[PDB]
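Structure first, then comments.
Every number here is computed from the coordinates shown, using simple stated rules; none is lab data. Positions of Cβ are generated from backbone atoms using ideal geometry, with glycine treated the same way; all protein chains shown enter the neighbour counts.
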Amino acid sequence: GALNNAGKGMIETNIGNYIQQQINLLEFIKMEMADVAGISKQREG
Amino acid sequence: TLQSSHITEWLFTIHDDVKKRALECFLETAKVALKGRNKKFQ
């Protein structure tokens with residue numbers, strides 16, 4: 001009876017979470033460089 | 001915005017230097033043009 005039921009499969013990959021992890025890491029590293037240089041975000045604008 | 005203006009004030013500074021030199025150039029050009037029998041300068 002699985003041929004008339006069970007819904008439709010989905011080839012889904014959780015790449016969005018990976019992308020968000022990369023974006024968060026980029027923000028963290030940019031903030032870290034700003035802190036090391038002593039040139040804060042409020043200090044650049 | 002001032003601290004952001006600092007980021008492009010280097011462009012503006014070199015632009016000002018170029019403008020100054022261009023105006024000295026135009027001044028010497030006008031000085032040479034003076035002695036060419038043009039009645040506009042009168």
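Residues B:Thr13, B:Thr1 in ascending order of nearby Cβ atoms (within 10 Å, fewest first): B:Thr1, B:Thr13. Relative to the Cα centre, the charge distribution of chain B, modelled as +1 at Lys and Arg Cβ and -1 at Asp and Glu Cβ, gives a dipole magnitude of about 580 debye.
Counting helices only, and only those DSSP H runs with n ≥ 4, report the 222 nm mean residue ellipticity of the protein assembly as shown as the sum of -39,500 (n - 2.57) divided by its residues, in deg cm²/dmol to the nearest 500. Computed mean residue ellipticity for the protein assembly as shown: -23000 deg cm²/dmol. Could you tell me how many degrees, from 0 to 90 and to the nearest 10, lie between the Cα long axis of helix A:15-37 and the main elongation axis, the longest principal axis, of the Cα atoms of chain A? Relative to chain A, helix A:15-37 is tipped by roughly 10 degrees. Candidates B:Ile14, A:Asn5, B:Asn38 compared by Cα position along the dipole of the protein assembly as shown: farthest toward the positive end lies B:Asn38, with charges placed on Cβ. Report the Cα centroid-to-centroid distance between the range A:1-25 and the range B:23-42 in angstrom, as an integer. Here the two parts' Cα centres lie 76 Å apart. Panel order for B:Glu24, B:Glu9, by other beta carbons found within 10 Å of each beta carbon, from fewest to most: B:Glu24, B:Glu9. Note that the range B:17-29 has calculated 3J(HN,Hα) couplings of 4, 4, 5, 4, 5, 4, 6, 4, 4, 5, 5, 5, 4 Hz, one per residue in order, obtained from phi through the Karplus relation 6.51 cos²θ - 1.76 cosθ + 1.60 (θ = phi - 60°); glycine and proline are x.
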